[PDB]
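Chemist: Sharing a structure below in structure tokens format, with a few things to ask.
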Amino acid sequence: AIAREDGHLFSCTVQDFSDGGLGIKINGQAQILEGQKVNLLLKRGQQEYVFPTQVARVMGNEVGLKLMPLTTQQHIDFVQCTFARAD
Amino acid sequence: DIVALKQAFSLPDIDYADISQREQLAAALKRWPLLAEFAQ
Amino acid sequence: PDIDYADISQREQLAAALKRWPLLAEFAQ
Amino acid sequence: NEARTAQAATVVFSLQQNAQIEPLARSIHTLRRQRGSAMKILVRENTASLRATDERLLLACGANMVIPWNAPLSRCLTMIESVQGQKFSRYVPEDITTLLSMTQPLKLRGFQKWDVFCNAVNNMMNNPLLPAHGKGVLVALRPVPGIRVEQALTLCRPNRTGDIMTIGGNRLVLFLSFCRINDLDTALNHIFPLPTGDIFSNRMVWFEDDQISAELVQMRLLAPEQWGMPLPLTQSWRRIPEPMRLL
Amino acid sequence: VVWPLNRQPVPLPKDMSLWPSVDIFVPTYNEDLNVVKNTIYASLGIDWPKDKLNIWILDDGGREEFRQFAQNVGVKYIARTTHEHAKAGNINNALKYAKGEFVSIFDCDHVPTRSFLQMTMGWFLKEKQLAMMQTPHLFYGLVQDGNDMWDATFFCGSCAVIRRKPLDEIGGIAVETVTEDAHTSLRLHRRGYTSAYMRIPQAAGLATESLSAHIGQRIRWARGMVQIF
Amino acid sequence: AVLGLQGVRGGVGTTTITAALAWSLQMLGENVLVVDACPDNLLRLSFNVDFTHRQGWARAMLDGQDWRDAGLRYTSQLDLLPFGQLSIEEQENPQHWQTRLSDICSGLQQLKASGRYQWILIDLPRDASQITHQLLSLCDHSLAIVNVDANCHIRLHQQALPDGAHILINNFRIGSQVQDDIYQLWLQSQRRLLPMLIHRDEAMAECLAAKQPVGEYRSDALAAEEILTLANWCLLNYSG
Amino acid sequence: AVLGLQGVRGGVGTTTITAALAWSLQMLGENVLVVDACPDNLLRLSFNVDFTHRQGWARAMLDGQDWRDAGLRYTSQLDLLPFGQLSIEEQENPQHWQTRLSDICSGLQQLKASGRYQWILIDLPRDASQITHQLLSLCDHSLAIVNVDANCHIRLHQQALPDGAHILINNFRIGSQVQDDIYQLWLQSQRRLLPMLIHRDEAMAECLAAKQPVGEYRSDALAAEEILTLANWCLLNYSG
Ligand SMILES: Nc1nc2c(ncn2[C@@H]2O[C@@H]3COP(=O)(O)O[C@H]4[C@@H](O)[C@H](n5cnc6c(=O)[nH]c(N)nc65)O[C@@H]4COP(=O)(O)O[C@H]3[C@H]2O)c(=O)[nH]1
Ligand SMILES: Nc1nc2c(ncn2[C@@H]2O[C@@H]3COP(=O)(O)O[C@H]4[C@@H](O)[C@H](n5cnc6c(=O)[nH]c(N)nc65)O[C@@H]4COP(=O)(O)O[C@H]3[C@H]2O)c(=O)[nH]1
Ligand SMILES: Nc1ncnc2c1ncn2[C@@H]1O[C@H](COP(=O)(O)OP(=O)(O)OP(=O)(O)O)[C@@H](O)[C@H]1O
Ligand SMILES: Nc1ncnc2c1ncn2[C@@H]1O[C@H](COP(=O)(O)OP(=O)(O)OP(=O)(O)O)[C@@H](O)[C@H]1O
Ligand SMILES: [Mg+2]
Ligand SMILES: [Mg+2]
């Protein structure tokens, strides 16, 4: 999920990811502008973790987000929700 | 996540004990008196 | 209640607010 | 760097952040102490970077004229070419430390005792290196009979270090440093809930050095028993309710 | 591979005070901090009691950024004075300072899932003679499951758990061959100890690896097998 | 079937959730009739009903008219039964009329026997009234709307939920520590919690202003998708 | 003297606001008595009262005991009178006891005439009960709590507030276009709206979990400052 400052919440699917950030594909039409601080909600089991990101590149429905300086617990939550998956 | 792993195989009797969840719950009960009072 | 809806449409921001949301426009009439 | 080689070329500075006030002021002092009076130093605010005291400091440092951000580019250039043909005839002291010290002579925030408050206000008013009739404003507020004066003291949350408050004689006495009479209401709204006048019945305002000194002399002749203290500090772990009978 | 064992995890005792202590080792020589940060973050996220898990970073480069990261996230950090015997010698030196009952080793590229020790340590708590357990890093997967039938599953160099006392008894990780893992497994088998294999994915991190890695492993392995023979 | 939505606390989001659920069910091909029973009577406005429209089943029965005549045709697969506006004296004196609204119950049973509408959604208030209890009994399934806050956690352990009622979480906020703590507690202290959560979406705030269901207002919002998932779960489970 | 805080809608935060206001008044040197008129009795839990403490004025009156012995003292300038826990059967049938709490009005009148309590806050619910109307009648001043959203805006035009009730805003978000529109509309349309509004602060969400008023729990929070400003305004205006 992607949450704007306006309170709009949009479902999305992550295309690719790395330590620099994540590139996602957004379902439906959303006029997300680059440089806008948004919140990325990731689902871990039955929990939701919110990570603050800034959009650095938009390619149509493909949106690239970059992580602001994270904390330790936030980093662990990110690595649990991204790499240490059930795959 | 854990359910997906247990579905990809049998794993019928391995009850998962989430240390992180238990520690967070214990800290929450230590921090918020109302939750501690109601839980026990 | 004490409601004074007279002379409300004289403001641009208020007019935009009434136009954007039909509920507010319906109540303000 | 290029200015230290030039002798009379116009120097227009553009300021965007408040942190760059002191070093830029120091550099302007350096230019005024190295390149003579023929040079033309100008300051151009961009969005919001200067206060009245800081503007006066820049003027004393050697700035020929400060251009506020409110003026557009065209008026900025118009004034820049207006200053043409003028020499800096003012005196700039060798030491920048005194000029920096004039920017903030109180350096103490929060509630103060009546004796301490009077001493600090008088010391600020007795500093020769401050503008005349522009050092600040002293205001006495008379609370509405709905509330007492200590509650009024607890109401106010001033934000600048130069603001000081106290309680005495059923009156709230406030000293605001480097505040003009015209924008007193703005300062009150910044240091109070908005509806001022619904929180006090009447006010007395002084903005002149002689008037402030006379008011200080009058205030010094008050009984110590009427001097108040902050309510939360005097009033002040989990508190278990003790059962009792309401009678 | 006539009969793959298809071993499944033994549930741990419901008393969390009966669980053992595990020391996770992440050895690095020239990998950038970006690669090792993910592995360490995953290791801290492993579902296991905090007082029973210690994470160690073994950087051979003495890089100060790794030390800063270890101090920030709290994981331990040891760098050796010398650099003999490469990874095997690094782990042998680190073993002199660890105090846990079990030693787990993870590569920098591998990402340990949080359900690793929970699904692994049951057999160590159940079968005493078990000294080594291996988790997958296809053909290799089934040769290692078939080997577990005959107790021939060998250390693959990463994502494994080794009992501390047998490991210290055999003189630590072997250093006489390029493939220290296979020689360590052989030495463990020679003294009567048993090895296991669990075919449960961790997080597998790296994708494809290409034939560049495929040939690295294919060769370093042939030379080590020849030396062991 | 007959599903009744009731909130454990005022202002948890029961009415908006009910309207969105009705729209989501009707857009999947199921005929849905939704009835407004709360005396506040705020369910009509979500379906472009004029405020001056005072027609409602409660007022119809209070004036001796037929309650069935107060229905409105919103879409071919959604009909509404507005409660109706009450006068100030009536609002301040509920006892004078709260016992005279029982006739709707047997009529609703007749409607259940009609078979025209495959779903009968009811906006169940929490006034602890006789009509509320009767309607709750008439409901085949009950959904209790709660929020993850201190008040709802206190209420769940000192107030009685409907028999067999399942709990739905509304207004799930972002970056709230106490919310995370209480949700983690409820993950094991409660067995009736649904696996789906409704977030704090601005679309849900703006839907009532636009007089449209959130899905109709904007179907790309996550709250609308969550309501659709809830509708799918109800179809898969609350069919009988 | 009497300041009754009642919610236009449930869940606006009447109880936490009442506790914060009482604490702010007692922090200014005024004698404060808080009376929880809500049948659910959630105000006691905000003052470090054990959840098993069944005592309350309503409980004593129903059991025939003297409600005056049910008082609990928090501090020297703050006294509490919780409603008292009610059994499930009593909650299911509120009508069997709604008329049995008549003497509390006389008791509150005696307390007001005593002069020991300069301010007597009453946490009122919204159920249009006879006891609620009697408490409103004996209340000198009222404060209706609303939130900046479509629901409260709708409510403000059809339901009648008690006479003399100023309007207070709580849970005000930052950066919501609909909320800003509704706030401006209320500024230019609602004459009784108070100048003070309370932003959404997690301190208010954590005060009840910490079983303390927000003033005592965290005085530096913005919510505490806004509540103190509201208390000073109430002292200035409602004193006579
Ligand atoms: N002593 C005192 N005076 C106060 C205070 N608040 C407002 N004023 C007065 O109000 C004038 C106009 O402030 P403004 O309209 O906000 O416009 C201000 C504002 O945008 C900016 N500014 C100056 N200092 C600060 C600061 O510390 N923070 C921020 N955010 N802006 C500042 O510079 C503009 C001009 O400031 P000035 O020339 O100093 O002129 C200031 C000053 O004399 C206060 O707390 N104490
Ligand atoms: N709009 C407005 N707000 C005002 C004004 N005066 C004070 N404030 C408010 O008061 C806060 C505290 O400022 P301070 O105590 O003077 O402490 C100030 C001051 O020491 C310094 N500072 C900022 N701008 C200037 C500037 O233009 N000149 C100087 N000399 N110092 C500045 O930075 C500190 C932090 O200030 P802030 O973070 O901005 O936060 C400021 C601001 O929110 C004013 O005239 N207008
Ligand atoms: N998930 C949500 N996110 C944001 N706002 C919501 C959400 N759900 C409901 N709301 C808003 O909350 C307000 C109240 O919701 P609603 O009226 O449905 O609740 P209720 O329990 O029926 O309240 P009451 O009957 O006491 O008026 C409305 O303005 C609505 O738009
Ligand atoms: N300004 C606020 N910011 C954040 N949370 C708030 C705020 N005001 C209230 N809350 C939270 O909202 C919930 C409802 O508040 P409260 O407990 O006072 O309920 P209430 O309005 O008395 O409702 P009821 O009468 O139905 O119990 C609580 O969990 C409270 O912490
Ligand atoms: Mg409703
Ligand atoms: Mg309440």
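Chains as they are written, first to last, in the deposited numbering: chain A, 708 to 794; chain B, 21 to 60; chain C, 32 to 60; chain D, 256 to 491, 505 to 515; chain E, 254 to 390, 414 to 505; chain F, 2 to 241; chain G, 2 to 241. Backbone N, C-alpha and C define an ideal beta-carbon position, used for all residues, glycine too.
1. In angstroms with no decimal places, state the Cα-to-Cα distance between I89 (chain G) and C435 (chain E).
2. Could you name the residues of the stretch 199-224 of chain G whose beta carbon sits closer than 7 angstroms to any beta carbon of chain F, in the order they occur along the chain?
3. Are the CB atoms of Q753 (chain A) and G298 (chain E) nearer to each other than 8 angstroms?
4. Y330 (chain E) bridges to which residues according to DSSP?
5. Ligand 2 and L305 (chain D): does any heavy atom of the ligand fall closer than 7 angstroms to the residue's C-beta?
6. Just to confirm before moving on: does the CB-CB distance between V33 (chain G) and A23 (chain G) stay below 8 angstroms?
7. Enumerated in chain order, which unbroken segments of the beta strand (DSSP E) with a length of 3 residues or greater are wholly contained in the stretch 11-51 of chain G?
8. Using a beta-carbon distance cut-off of less than 8 angstroms, what residues from the stretch 371-405 of chain D approach chain G?
9. One question on the structure: do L408 (chain D) and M28 (chain G) come within less than 8 angstroms of each other, judged by their Cβ atoms?
10. If you follow the beta strand (DSSP E) that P759 (chain A) is in, where does it begin and where does it stop?
11. Ignore the nearest five residues each way along the sequence and tell me which others in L313 (chain D)'s own chain have a CB closer than 7 angstroms to its CB.
12. Does any C-beta atom of chain G lie closer than 8 angstroms to the C-beta of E712 (chain A)?
13. Which whole-angstrom value is the C-beta distance of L82 (chain F) and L169 (chain F), which I expect to be below 8 angstroms?
14. In chain B, which residues lie less than 9 angstroms from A708 (chain A) when you measure between Cβ atoms?
15. Along the beta strand (DSSP E) that carries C719 (chain A), what are the first and last residues, could you check?
16. Measure the beta-carbon distance from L236 (chain F) to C140 (chain F) and round it to whole angstroms, keeping in mind my assumption that it falls under 8 angstroms.
17. Whether or not the stretch 42-58 of chain F and the stretch 40-51 of chain C are in contact is what I'm after, with contact meaning three or more pairs of Cβ atoms, one per stretch, closer than 8 angstroms; do they touch?
18. Whose Cβ in chain A lies nearer than 8 angstroms to the Cβ of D21 (chain B)?
19. In terms of DSSP beta bridges, what is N457 (chain D) paired with?
20. Comparing C-alpha positions only, which one of E:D362, E:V454 and E:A472 sits nearest to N423 (chain E)?
21. I believe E318 (chain E) touches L286 (chain E) by the beta-carbon criterion, under 8 angstroms. Please report the beta-carbon distance rounded to the nearest angstrom.
22. List, from N- to C-terminal side, the alpha helix (DSSP H) runs of 4 residues or more that fit wholly inside the stretch 156-199 of chain F.
23. Near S143 (chain F), what residues of its chain come up, given a Cβ to Cβ distance below 7 angstroms and the 5 sequence neighbours on each side ignored?
24. With a cut-off of 8 angstroms, does the C-beta of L25 (chain B) fall near any C-beta of chain G?
25. With a threshold of 8 angstroms on Cβ separation, who are the neighbours of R287 (chain D) within its own chain once the five nearest residues in sequence on each side are excluded?
26. Just list the residues that DSSP pairs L6 (chain F) with in beta bridges.
27. Here's a check: name, in chain order, each residue in its chain whose Cβ is nearer than 6 angstroms to the Cβ of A332 (chain E), leaving out the five neighbours to either side.
28. Rounded to the nearest angstrom, what separates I18 (chain G) and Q261 (chain E) at their Cα positions?
29. At what residue ranges does the stretch 264-315 of chain D contain a whole run of the alpha helix (DSSP H), taking only runs of 4 or more?
30. Output needed for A21 (chain G): all residues of its chain with C-beta closer than 6 angstroms, excluding positions within five of it in sequence on either side, in chain order.
31. Would you kindly work out how many angstroms separate the C-alpha atoms of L223 (chain F) and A59 (chain G), rounded to a whole number?
32. What is the DSSP secondary structure of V289 (chain E), counted as helix, strand or coil?
33. So which of E:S368, E:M372 and E:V263 has the shortest CA-CA distance to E380 (chain E)?
34. If you reduce the DSSP assignment to three classes, tell me which class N381 (chain D) lands in.
35. Are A151 (chain F) and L87 (chain G) touching if we call contact CB-CB under 8 angstroms?
36. What first and last residue would you give for the beta strand (DSSP E) that runs through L79 (chain F)?
Modeler: Per the coordinate set shown:
1. 57 angstroms
2. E203, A206, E207, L209 and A210
3. no
4. E:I310
5. yes
6. yes
7. 33-37
8. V399, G401, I402, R403 and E405
9. no
10. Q754 to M766
11. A280, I283, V298 and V321
12. yes
13. Contact flag wrong, Cβ pair sits at about 22 angstroms.
14. In chain order: nothing, as chain B lies at least about 17 angstroms away.
15. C719 to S725
16. With 8 angstroms as the limit, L236 (chain F) and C140 (chain F) do not qualify as a contact, their Cβ atoms being about 17 angstroms apart.
17. no
18. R751, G752, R792 and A793
19. D:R397
20. E:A472
21. 5 angstroms
22. 178-190
23. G5, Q7, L137, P163, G165 and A166
24. no
25. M294, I296, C316, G317, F343 and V347
26. F:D124 and F:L144
27. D312 and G315
28. 57 angstroms
29. 276-289
30. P214, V215, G216 and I228
31. 45 angstroms
32. helix
33. E:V263
34. coil
35. no
36. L79 to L82
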